[PDB]
RNA sequence: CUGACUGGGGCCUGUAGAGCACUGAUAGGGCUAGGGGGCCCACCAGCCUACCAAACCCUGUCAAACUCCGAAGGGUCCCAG
RNA sequence: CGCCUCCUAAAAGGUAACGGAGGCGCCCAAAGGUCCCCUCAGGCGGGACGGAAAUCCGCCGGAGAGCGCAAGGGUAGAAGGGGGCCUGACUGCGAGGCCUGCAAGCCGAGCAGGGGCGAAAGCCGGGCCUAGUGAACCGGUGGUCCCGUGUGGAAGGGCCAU
RNA sequence: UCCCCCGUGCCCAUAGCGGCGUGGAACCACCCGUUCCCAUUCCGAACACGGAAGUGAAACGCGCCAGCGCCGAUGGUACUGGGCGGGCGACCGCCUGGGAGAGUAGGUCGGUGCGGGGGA
RNA sequence: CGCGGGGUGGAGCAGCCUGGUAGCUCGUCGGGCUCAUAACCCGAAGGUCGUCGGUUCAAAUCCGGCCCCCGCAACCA
RNA sequence: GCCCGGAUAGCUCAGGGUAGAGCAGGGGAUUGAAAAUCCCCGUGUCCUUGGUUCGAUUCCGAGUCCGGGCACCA
Ligand SMILES: [K+]
Ligand SMILES: [Mg+2]
Ligand SMILES: [Mg+2]
Ligand SMILES: [Mg+2]
Ligand SMILES: [Mg+2]
Ligand SMILES: [Mg+2]
Ligand SMILES: [Mg+2]
Ligand SMILES: [Mg+2]
Ligand SMILES: [Mg+2]
Ligand SMILES: [Mg+2]
Ligand SMILES: [Mg+2]
Ligand SMILES: [Mg+2]
Ligand SMILES: [Mg+2]
Ligand SMILES: [Mg+2]
Ligand SMILES: [Mg+2]
Ligand SMILES: [Mg+2]
Ligand SMILES: [Mg+2]
Ligand SMILES: [Mg+2]
Ligand SMILES: [Mg+2]
Ligand SMILES: [Mg+2]
Ligand SMILES: [Mg+2]
Ligand SMILES: [Mg+2]
Ligand SMILES: [Mg+2]
Ligand SMILES: [Mg+2]
Ligand SMILES: [Mg+2]
Ligand SMILES: [Mg+2]
Ligand SMILES: [Mg+2]
Ligand SMILES: [Mg+2]
Ligand SMILES: [Mg+2]
Ligand SMILES: [Mg+2]
Ligand SMILES: [Mg+2]
Ligand SMILES: [Mg+2]
Ligand SMILES: [Mg+2]
Ligand SMILES: [Mg+2]
Ligand SMILES: [Mg+2]
Ligand SMILES: [Mg+2]
Ligand SMILES: [Mg+2]
Ligand SMILES: [Mg+2]
Ligand SMILES: [Mg+2]
Ligand SMILES: [Mg+2]
Ligand SMILES: [Mg+2]
Ligand SMILES: [Mg+2]
Ligand SMILES: [Mg+2]
Ligand SMILES: [Mg+2]
Ligand SMILES: [Mg+2]
Ligand SMILES: [Mg+2]
Ligand SMILES: [Mg+2]
Ligand SMILES: [Mg+2]
Ligand SMILES: [Mg+2]
Ligand SMILES: [Mg+2]
Ligand SMILES: [Mg+2]
Ligand SMILES: [Mg+2]
Ligand SMILES: [Mg+2]
Ligand SMILES: [Mg+2]
Ligand SMILES: [Mg+2]
Ligand SMILES: [Mg+2]
Ligand SMILES: [Mg+2]
Ligand SMILES: [Mg+2]
Ligand SMILES: [Mg+2]
Ligand SMILES: [Mg+2]
Ligand SMILES: [Mg+2]
Ligand SMILES: [Mg+2]
Ligand SMILES: [Mg+2]
Ligand SMILES: [Mg+2]
Ligand SMILES: [Mg+2]
Ligand SMILES: [Mg+2]
Ligand SMILES: [Mg+2]
Ligand SMILES: [Mg+2]
Ligand SMILES: [Mg+2]
Ligand SMILES: [Mg+2]
Ligand SMILES: [Mg+2]
Ligand SMILES: [Mg+2]
Ligand SMILES: [Mg+2]
Ligand SMILES: [Mg+2]
Ligand SMILES: [Mg+2]
Ligand SMILES: [Mg+2]
Ligand SMILES: [Mg+2]
Ligand SMILES: [Mg+2]
Ligand SMILES: [Mg+2]
Ligand SMILES: [Mg+2]
Ligand SMILES: [Mg+2]
Ligand SMILES: [Mg+2]
Ligand SMILES: [Mg+2]
Ligand SMILES: [Mg+2]
Ligand SMILES: [Mg+2]
Ligand SMILES: [Mg+2]
Ligand SMILES: [Mg+2]
Ligand SMILES: [Mg+2]
Ligand SMILES: [Mg+2]
Ligand SMILES: [Mg+2]
Ligand SMILES: [Mg+2]
Ligand SMILES: [Mg+2]
Ligand SMILES: [Mg+2]
Ligand SMILES: [Mg+2]
Ligand SMILES: [Mg+2]
Ligand SMILES: [Mg+2]
Ligand SMILES: [Mg+2]
Ligand SMILES: [Mg+2]
Ligand SMILES: [Mg+2]
Ligand SMILES: [Mg+2]
Ligand SMILES: [Mg+2]
Ligand SMILES: [Mg+2]
Ligand SMILES: [Mg+2]
Ligand SMILES: [Mg+2]
Ligand SMILES: [Mg+2]
Ligand SMILES: [Mg+2]
Ligand SMILES: [Mg+2]
Ligand SMILES: [Mg+2]
Ligand SMILES: [Mg+2]
Ligand SMILES: [Mg+2]
Ligand SMILES: [Mg+2]
Ligand SMILES: [Mg+2]
Ligand SMILES: [Mg+2]
Ligand SMILES: [Mg+2]
Ligand SMILES: [Mg+2]
Ligand SMILES: [Mg+2]
Ligand SMILES: [Mg+2]
Ligand SMILES: [Mg+2]
Ligand SMILES: [Mg+2]
Ligand SMILES: [Mg+2]
Ligand SMILES: [Mg+2]
Ligand SMILES: [Mg+2]
Ligand SMILES: [Mg+2]
Ligand SMILES: [Mg+2]
Ligand SMILES: [Mg+2]
Ligand SMILES: [Mg+2]
Ligand SMILES: [Mg+2]
Ligand SMILES: [Mg+2]
Ligand SMILES: [Mg+2]
Ligand SMILES: [Mg+2]
Ligand SMILES: [Mg+2]
Ligand SMILES: [Mg+2]
Ligand SMILES: [Zn+2]
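Chains as they are written, first to last, in PDB author numbering: chain 10, 2 to 84; chain 1S, 3 to 112; chain 1Q, 1 to 141; chain 16, 2 to 54; chain 1G, 2 to 182.
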């Protein structure tokens, strides 16, 4: 039974998924330190009471409630409103 | 299209407003110098001063220090002590610096 | 034969084939056209065959418009191989073609020359077709 | 790290204790590195000098 | 400021002739000289030497103003050019130093050009500025053949506030720019 | 009593479809930097293209790794069953 | 054969095949911190040598340039370019989270010590970000002076650092 | 309370490009200077300081214009959650709920908060 | 579309690894010696590196597709 | 990581009081020439820095680079 030799593919690699995206949505109660957005670059921008880490991670500075705001050409911001 | 003037003014103002303080904003014309302490969360000027209002004249720098003391004087009246200085498009120097030195001399905290 | 001069990527995943044609459903250039009634991957060879047939009927005369282009790379593994070991090599190009598409148009010719030429062309095509004439519905689009 | 990009320790020049680990490109930066760094033992900032790791 | 013959000529002679030539309703409408920019794009001194010195020292004598170095924006293999190599000297002449240099450029420098037959009328900016090019730096009176070491030329940009070539050519001819045609 | 599922409310998303503004592909025509084509010139010009050649303009299209757009849905939090 | 980026992936996350394409196993003493300033590519017109492209001038130009290197995301209201002073490319910790079978990986405000820059508000626990990596065992080296087999030492270990 | 200007926000082009008209008493700008503070990889261009003869030429502010940009219905369609059929398939159709993109009509040469100077 | 190697003056071979520099022998052309030829001696010319495309400031050199040319393999059934 | 060594003219190699020799290269003598031969001629911080000594190739230290060798590898 003839078996024809086969070549091979030079591909077949992919990197681990990074689980990026928003982690707390508008209206959710968060605690200072809570991660709000995992992102590459400033897809969202830190607004009121929100810090930004070296990898653009947005995180809450105070206990409170998350709020989003789309400022058009100024960009999308994530806020934390004090309780 | 922005000019270096507008880019500068945004550049320093963005950094100040991140700190959340009341903003002592200074505007300097060729004749007059104007100051107003601003709440950016409410969008309201809380207190102001200027050579035009105080009808002062003479040495622009010496007049700049005067409005500084005048702005501070009225500021302490309404409870305002801490504040962040907003040199906007201006170097921290001369007329702006004198107004800054004046406000501290009168008791504003910056 | 038609094919892209350059391409970002050598191999495309296989199409789906749902829905009426996206565009190119109205006669745009000539007087008469040839309309697809069923979907298909029309190969470059089919196109080139329908085109030559309309030339040899127009005996070099008239105008021929080809409004489909084979841009989709078509892949086939070498004979008798087993599955796997990556995607087969590109052996040809097809144009995705869905019901309602005007594939060819003609003009500069009599109504009898065009209806026959378009009829011969449809025999070169792996689908049913339908000959149309430029209406005002066309010119309103 | 590499053969030209070498690991190195920083030694407090006043109490001789190695306090930090870092690297340099010894071709681009042949001289020994000298950097002020806080020494936990001297509880104060001090000149630190590169030594072999 | 101070008294240079060309400057005083611009106000006394050239401004009223311009107004009566063009009908300027505002006194700021009438064209002005803005700056003179001198460019020695050397590139000989890319790496072959820091001859930029002996060439900035002579630019400094001609204009009274110390030139500044220009560096290669991008790298270019055909030019044997790495990004950042010092490849020229540029100096922006304004106000009285602009007048003094323009005054001597017309009175002694351009005539010292051999086979000189007048400045090219076609070299106007399209928007009221002018540019010319010199092949020797010893055309200028501050430079002597004993003090030179290698012939270097330059580009001269004269910027004006005239909106058109038509206004600018009137401004520069009236000041004393000999145009060929 | 917090559950699946469900009502209302906010936020998140880039698929279906579509589009061509970006990245590429692309049919017909016009205007066109580099020419070939070339009555030809090199004394220094040219000049003409029912041919290919960027950009632009008009007509017409295609795309998993294109998107000026963009659903139905899906997720998550709060209140309620 | 581990790692990164894109697609496949069905608009949360995740998601397979010997599915479609690429990259990494470094680098930087500034390409790091901070303060101050600056704004690209390209098109067209102008200018000795000088060209498609060196440098210069004008006009237009929202980002198509640049950001060391793949890709994607991000970005001139800078993350890009220049300069001054500098070493936070910290020590002792760490609320609270992301992610996740474990183990690991990631982000982190704030307190203290002693500092860098700034007039100040403030920023600084390397680098626009996501690859540039290797658990434990066994041993080397510096320090610490914690154990030291009757006792004092020593041999040898432990701890911190590498 | 209303008009003008200055400063500072907010909506994030219905706010822009272009064309035009207009404003200098005040305010702003350019401007006059470069002694002084401070400044140019050169330049008082910029940054800065001291000024007040001039000009609204530039910039800026306010108006008018729909050429470009930008916004954009209604209606119909594509697609689709859920429910059902059809075709050997490729694929198609019905019910119910949801409903684009393109394009058409059309709209837009901004609207508004706070303070300060001036005016009626 | 099983796995290798190769393509550069007219012939046969370096240069590729490590990007910037095309080299060696013969051959070819001009002169010389000889009565003449060969040998020999003195000079010189000729290669944009199979090709298209990419990376890069820069490609014979590095990466991907295509063309061409040799070599190996094709076992258990 | 340790012991042993070297670096000297372009290549090779010899060396407390010198900076050497051979080959490569320059012409000149030689033949018909390729040479062999004969001649003269150049080509050094002796790797860098301290230190020794009246002096430095030497001796010493110290680092740079390249030789050898030894042991190792969690
Ligand atoms: K067997
Ligand atoms: Mg069988
Ligand atoms: Mg079988
Ligand atoms: Mg069988
Ligand atoms: Mg493979
Ligand atoms: Mg996979
Ligand atoms: Mg994964
Ligand atoms: Mg995966
Ligand atoms: Mg992935
Ligand atoms: Mg998200
Ligand atoms: Mg941070
Ligand atoms: Mg809201
Ligand atoms: Mg808020
Ligand atoms: Mg006074
Ligand atoms: Mg003042
Ligand atoms: Mg300000
Ligand atoms: Mg398939
Ligand atoms: Mg499709
Ligand atoms: Mg087929
Ligand atoms: Mg196929
Ligand atoms: Mg196949
Ligand atoms: Mg396969
Ligand atoms: Mg179709
Ligand atoms: Mg048929
Ligand atoms: Mg009919
Ligand atoms: Mg259409
Ligand atoms: Mg380093
Ligand atoms: Mg300790
Ligand atoms: Mg070391
Ligand atoms: Mg007049
Ligand atoms: Mg002077
Ligand atoms: Mg002209
Ligand atoms: Mg002279
Ligand atoms: Mg002008
Ligand atoms: Mg309940
Ligand atoms: Mg629930
Ligand atoms: Mg649900
Ligand atoms: Mg689709
Ligand atoms: Mg397109
Ligand atoms: Mg499509
Ligand atoms: Mg898509
Ligand atoms: Mg829209
Ligand atoms: Mg989903
Ligand atoms: Mg739901
Ligand atoms: Mg919901
Ligand atoms: Mg409930
Ligand atoms: Mg494994
Ligand atoms: Mg790994
Ligand atoms: Mg997903
Ligand atoms: Mg994805
Ligand atoms: Mg998760
Ligand atoms: Mg499985
Ligand atoms: Mg690949
Ligand atoms: Mg690989
Ligand atoms: Mg350093
Ligand atoms: Mg970096
Ligand atoms: Mg710095
Ligand atoms: Mg030009
Ligand atoms: Mg040029
Ligand atoms: Mg680049
Ligand atoms: Mg790369
Ligand atoms: Mg970019
Ligand atoms: Mg610096
Ligand atoms: Mg200091
Ligand atoms: Mg430290
Ligand atoms: Mg925790
Ligand atoms: Mg865990
Ligand atoms: Mg990691
Ligand atoms: Mg502290
Ligand atoms: Mg501090
Ligand atoms: Mg201080
Ligand atoms: Mg402080
Ligand atoms: Mg901290
Ligand atoms: Mg940086
Ligand atoms: Mg073990
Ligand atoms: Mg151990
Ligand atoms: Mg020890
Ligand atoms: Mg003890
Ligand atoms: Mg004992
Ligand atoms: Mg004892
Ligand atoms: Mg004891
Ligand atoms: Mg031990
Ligand atoms: Mg121990
Ligand atoms: Mg009132
Ligand atoms: Mg205003
Ligand atoms: Mg307002
Ligand atoms: Mg107009
Ligand atoms: Mg007017
Ligand atoms: Mg106006
Ligand atoms: Mg006035
Ligand atoms: Mg007046
Ligand atoms: Mg002075
Ligand atoms: Mg005006
Ligand atoms: Mg319109
Ligand atoms: Mg819109
Ligand atoms: Mg619409
Ligand atoms: Mg509708
Ligand atoms: Mg339908
Ligand atoms: Mg439905
Ligand atoms: Mg669906
Ligand atoms: Mg559902
Ligand atoms: Mg269904
Ligand atoms: Mg069935
Ligand atoms: Mg069938
Ligand atoms: Mg249906
Ligand atoms: Mg349907
Ligand atoms: Mg429906
Ligand atoms: Mg419906
Ligand atoms: Mg719509
Ligand atoms: Mg309608
Ligand atoms: Mg209309
Ligand atoms: Mg309209
Ligand atoms: Mg209107
Ligand atoms: Mg408008
Ligand atoms: Mg209005
Ligand atoms: Mg406004
Ligand atoms: Mg408001
Ligand atoms: Mg008001
Ligand atoms: Mg009033
Ligand atoms: Mg009022
Ligand atoms: Mg050949
Ligand atoms: Mg050959
Ligand atoms: Mg090799
Ligand atoms: Mg090489
Ligand atoms: Mg050769
Ligand atoms: Mg011959
Ligand atoms: Mg005879
Ligand atoms: Mg012969
Ligand atoms: Mg030769
Ligand atoms: Mg190749
Ligand atoms: Mg080359
Ligand atoms: Mg066997
Ligand atoms: Zn210490």
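The beta carbon of each residue, even a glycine, is placed where N, CA and C say it ideally should be.
In whole angstroms, what is the alpha-carbon distance linking residue 24 (chain 16) and residue 78 (chain 10)?
39 Å
7 Å Cβ shell around residue 3 (chain 1Q) - same chain, five flanking residues per side excluded
44, 70, 93
Alpha carbon of residue 16 (chain 1G) to alpha carbon of residue 16 (chain 1S), nearest angstrom
47 Å
Strictly below 7 Å CB to CB, what residues from chain 10 border residue 85 (chain 1Q)?
7, 8, 9, 10
With a 10 Å radius around its C-beta and 16 neighbouring C-beta atoms as the bar for buried, classify residue 92 (chain 1G) as buried or exposed.
buried
Residue from 122 (chain 1G), 161 (chain 1G), 111 (chain 1G), 45 (chain 1G) with nearest C-alpha to residue 152 (chain 1G):
45 (chain 1G)
On the three-pair Cβ rule with 8 Å, is the stretch 65-81 of chain 1Q touching the stretch 4-11 of chain 1Q?
yes
Cross-chain neighbours of residue 90 (chain 1Q) in chain 10, by beta carbon under 7 Å:
Residues of chain 10 passing the Cβ test: none, with the nearest at roughly 15 Å.
Closest residue to residue 56 (chain 1S) among 107 (chain 1S), 73 (chain 1S), 110 (chain 1S), 95 (chain 1S) (Cα-Cα distance)
73 (chain 1S)
Return no unless some Cβ of chain 10 is closer than 9 Å to the Cβ of residue 14 (chain 1Q).
no
Quick one: which chain 10 residues come within Cβ less than 7 Å of residue 142 (chain 1Q)?
With chain 1Q covering only 1 through 141, there is no way to say anything about residue 142 (chain 1Q).
Quick one: what does DSSP say residue 22 (chain 10) is sitting in, helix, strand or coil?
strand
Would you call the stretch 134-153 of chain 1G and the stretch 66-83 of chain 1G touching, i.e. three or more CB-CB distances under 8 Å?
no
Can you round the beta-carbon distance between residue 118 (chain 1Q) and residue 106 (chain 1Q) to whole angstroms, since I take them to be within the 8 Å contact cut?
7 Å
In angstroms, rounded to a whole number, what distance separates the CA positions of residue 59 (chain 1Q) and residue 13 (chain 1Q)?
40 Å
Taking 9 Å as the threshold (beta carbon to beta carbon), is residue 78 (chain 1Q) in contact with chain 10?
yes
Let me know the secondary structure DSSP gives residue 115 (chain 1Q) once reduced to three states.
helix
When the Cα atoms are used, what is the spatial distance from residue 135 (chain 1G) to residue 119 (chain 1G)?
13 Å
Straight-line Cα distance separating residue 19 (chain 1Q) from residue 121 (chain 1Q):
24 Å
Let me confirm a value: residue 42 (chain 10) is counted as buried when at least 16 other C-beta atoms fall within 10 Å, else exposed. Which label applies?
exposed
Just reading off the beta strand (DSSP E) that residue 99 (chain 1G) is part of, what are its end residues?
It is not in any beta strand (DSSP E) - residue 99 (chain 1G) instead sits in the alpha helix (DSSP H) that spans 96-105.
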